[PDB]
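This report concerns only the one structure given below.
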Amino acid sequence: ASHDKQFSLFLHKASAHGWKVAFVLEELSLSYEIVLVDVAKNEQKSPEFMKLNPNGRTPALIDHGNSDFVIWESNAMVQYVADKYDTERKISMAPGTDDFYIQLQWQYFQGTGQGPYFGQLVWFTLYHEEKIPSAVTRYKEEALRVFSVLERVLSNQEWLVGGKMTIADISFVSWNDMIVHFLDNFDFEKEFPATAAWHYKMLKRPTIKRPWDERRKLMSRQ
Amino acid sequence: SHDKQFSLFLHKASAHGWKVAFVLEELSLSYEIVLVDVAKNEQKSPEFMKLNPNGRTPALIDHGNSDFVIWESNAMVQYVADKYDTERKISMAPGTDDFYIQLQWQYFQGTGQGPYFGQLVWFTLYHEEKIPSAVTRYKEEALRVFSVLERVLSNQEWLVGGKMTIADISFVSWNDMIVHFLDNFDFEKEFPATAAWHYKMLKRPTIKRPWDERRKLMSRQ
Ligand SMILES: N[C@@H](CCC(=O)N[C@@H](CSSC[C@H](NC(=O)CC[C@H](N)C(=O)O)C(=O)NCC(=O)O)C(=O)NCC(=O)O)C(=O)O
Ligand SMILES: N[C@@H](CCC(=O)N[C@@H](CSSC[C@H](NC(=O)CC[C@H](N)C(=O)O)C(=O)NCC(=O)O)C(=O)NCC(=O)O)C(=O)O
Ligand SMILES: [Cl-]
Ligand SMILES: [Cl-]
Numbered sequence: 651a652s653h654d655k656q657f658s659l660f661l662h663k664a665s666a667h668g669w670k671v672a673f674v675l676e677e678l679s680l681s682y683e684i685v686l687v688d689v690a691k692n693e694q695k696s697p698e699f700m701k702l703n704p705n706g707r708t709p710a711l712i713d714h715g716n717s718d719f720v721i722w723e724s725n726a727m728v729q730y731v732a733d734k735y736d737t738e739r740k741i742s743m744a745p746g747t748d749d750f751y752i753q754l755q756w757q758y759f760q761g762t763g764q765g766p767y768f769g770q771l772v773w774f775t776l777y778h779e780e781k782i783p784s785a786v787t788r789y790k791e792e793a794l795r796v797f798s799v800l801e802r803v804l805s806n807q808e809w810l811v812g813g814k815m816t817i818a819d820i821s822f823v824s825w826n827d828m829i830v831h832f833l834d835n836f837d838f839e840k841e842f843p844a845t846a847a848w849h850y851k852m853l854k855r856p857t858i859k860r861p862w863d864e865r866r867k868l869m870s871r872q
Numbered sequence: 219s220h221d222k223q224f225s226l227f228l229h230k231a232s233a234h235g236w237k238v239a240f241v242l243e244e245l246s247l248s249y250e251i252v253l254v255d256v257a258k259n260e261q262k263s264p265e266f267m268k269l270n271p272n273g274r275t276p277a278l279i280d281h282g283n284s285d286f287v288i289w290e291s292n293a294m295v296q297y298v299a300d301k302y303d304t305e306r307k308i309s310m311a312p313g314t315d316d317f318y319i320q321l322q323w324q325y326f327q328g329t330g331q332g333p334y335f336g337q338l339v340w341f342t343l344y345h346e347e348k349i350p351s352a353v354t355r356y357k358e359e360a361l362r363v364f365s366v367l368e369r370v371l372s373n374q375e376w377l378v379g380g381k382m383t384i385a386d387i388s389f390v391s392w393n394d395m396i397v398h399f400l401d402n403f404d405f406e407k408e409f410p411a412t413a414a415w416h417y418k419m420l421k422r423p424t425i426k427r428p429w430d431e432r433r434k435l436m437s438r439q
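Those sequence lines, one after another, are chains Z and R. Residue numbering for the first sequence follows our numbering, beginning at 651 and increasing consecutively. Residue numbering for the second sequence follows our numbering, beginning at 219 and increasing consecutively.
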């Protein structure tokens, strides 16, 4: 509000979800200011943040270029910015097309399949009040299953939809980079070669590397 | 093998396929239910994985659109509503701000209600080990989901656009299924606005009819 960027992006630094939106904003050359919402201090349950998102979870977006339009759910945030602002369709499918709905299917797989299950692996590994190996194993195996699904497609085609990198592919990047540290003796390239190549190719793009380097800086020992 | 516009592949006990059936009914679109029995691991069959590489129900084939195949229940709903609800009886207009609010709520359903409700069911009934702290974690999360809905629905009739849409409809099947997994739970007493909203939708014949079909199928092994 007291910055001149088109978007306010509210995120928690350790989360996969806000940075995903940042990747897309960078790709689309849209200006944004990050506003940190510190989940470690329970700031996501503050009245201020819950006015933005009644779910009380990060991230959320305010589009100051559209009369301060507020939207949450990281995948819906991505869809909103791509549909409205990716005029040249550099990284998104045209609305209405069959491909748009396949692009949507893949984002729902990311949001409902990758995200919550990766999140439960992290939860039972680090944050649950007791250590439960059967629960950790359940979600470790699920993470590997998710990689296998991606591999089954990406070993046969370059990108998830439309013959080029889109918001569907981009949406997996942050969680995929985060999760490898929670898997046993994990060699990404060895175990899922096509998925690894796809992941690392995206991560080399300066539009994606810059915010990801910023996350690393924010989380690093100051 | 049938003359209906859609083949809807679902598992009878799942919340997700019936949600799609509700929307098909609302839009007077013809469909044939094709059961994929998860109890027999049919969701990992070669035939089904050709439809959905994730190997989870449901999936859709639109025989009115060159046998278009799509999976993820919320994406299936969006496709059907965007393409066929031209009068916008139960959906927001594509492109509009309200479309993205409608999308936000469907993602809350798909990423927030569904997976957490599903883990409650999992740790209650299906996990090899019985783990009280896991059951507690997801019971509390289910109640939290209701509290989010209540925060909104106590102040406005519908989630978006001043009308019942696919956003509201998407919560119905799971909200009926979950209450049997909660202790000492009186929906109306605990979350009065959410309860009234839910019960109103469940009463619609477009929703009750497929839900009664679910009951029928559930009753027979
Ligand atoms: N579908 C939503 C998901 C949004 C989401 O997951 N937001 C997280 C980002 S913080 S990152 C994920 C977060 N981790 C934690 O809460 C651990 C914090 C640790 N104790 C500390 O002190 O830092 C978490 O929610 N773990 C449990 C789980 O995933 O089920 C959040 O706000 N969580 C806070 C809350 O729920 O109150 C979207 O895509 O936008
Ligand atoms: N985001 C997807 C979710 C799709 C989904 O959850 N599909 C389920 C429907 S069956 S219902 C949910 C299912 N239940 C079970 O696996 C127990 C089944 C019992 N024995 C019976 O016979 O009904 C399950 O996946 N429980 C664990 C969890 O939710 O994490 C499925 O195919 N599961 C099979 C699989 O994953 O192999 C969508 O919305 O489309
Ligand atoms: Cl975030
Ligand atoms: Cl199903």
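Using N, Cα and C, we set each Cβ at its ideal position, and we do this for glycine too.
Residues near residue i by beta carbon distance below 8 Å, same chain, minus five either side
i      : result
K222/R : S248, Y249, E250, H281
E738/Z : none
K790/Z : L771, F832, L833, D834
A360/R : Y334, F335, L338, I396, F399, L400
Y302/R : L245, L247
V796/Z : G763, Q764, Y767, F768
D827/Z : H849, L853, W862
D733/Z : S742, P745
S665/Z : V689, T708, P709
Contact list for residue i against chain R, beta-carbon separation under 9 Å
i      : result
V803/Z : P271
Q770/Z : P333, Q337
Beta-carbon proximity of residue i to residue j, cut-off 9 Å
i             : j      : result
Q327/R        : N292/R : yes
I741/Z        : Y730/Z : no
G765/Z        : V799/Z : no
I782/Z        : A352/R : yes
residue 207/R : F266/R : This structure does not reach residue 207/R, given that chain R is present from 219 up to 439, and the question cannot be answered.
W415/R        : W376/R : yes
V370/R        : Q324/R : no
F750/Z        : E801/Z : no
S391/R        : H234/R : yes
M869/Z        : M815/Z : no
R422/R        : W236/R : no
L321/R        : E723/Z : yes
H345/R        : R788/Z : yes
Beta-carbon neighbours of residue i, restricted to chain R and to distances below 7 Å
i      : result
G761/Z : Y325, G328, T329
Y730/Z : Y318
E780/Z : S351
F719/Z : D315
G765/Z : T329
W722/Z : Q322
Spatial neighbours of residue i in its chain, beta-carbon cut-off 7 Å, leaving aside the 5 residues before and after
i      : result
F405/R : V397, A413
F403/R : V397
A844/Z : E801, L804, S805
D718/Z : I712
Nonlocal neighbours in the same chain, by C-beta distance under 6 Å from residue i, ignoring five residues either side
i      : result
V254/R : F227, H229, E260, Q261, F266, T275
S225/R : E250, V252, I279
Listed by chain order, chain R residues near residue i by CB distance under 8 Å
i      : result
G812/Z : Near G812/Z there are no residues of chain R at all, since even the closest Cβ is about 15 Å away, more than 8 Å.
Contacts that residue i makes with chain Z (C-beta to C-beta distance below 8 Å)
i      : result
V366/R : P704, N705, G706
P312/R : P745, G746
Per-residue contacts from residue i into chain Z (C-beta, under 7 Å)
i      : result
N292/R : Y758
Check: residue i C-beta below 8 Å from any heavy atom of ligand 5
i      : result
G328/R : Ligand 5 is not part of this structure, which contains only ligand 1, ligand 2, ligand 3 and ligand 4.
- Secondary structure, beta strand (DSSP E): runs of 3+ residues fully inside the stretch 834 to 868 of chain Z: Counting only runs of 3 or more, we get nothing.
Is the stretch 254 to 262 of chain R close to the stretch 306 to 315 of chain R, with three or more CB pairs under 8 Å? no
Which runs of the beta strand (DSSP E) spanning at least 3 residues fall entirely within the stretch 725 to 811 of chain Z, listed in chain order?
-> none
- Message: Contact between the stretch 425 to 433 of chain R and the stretch 268 to 287 of chain R is defined here as three or more beta-carbon pairs at a separation below 8 Å; is this criterion met?
- Response: no
With three or more C-beta pairs closer than 8 Å as the rule, is the stretch 387 to 396 of chain R touching the stretch 239 to 246 of chain R?
Three or more pairs of CB atoms, one per stretch, sit closer than 8 Å, so the stretch 239 to 246 of chain R contacts the stretch 387 to 396 of chain R.
Which runs of the alpha helix (DSSP H) fall wholly inside the stretch 693 to 722 of chain Z and span at least 4 residues, in chain order?
697 to 702
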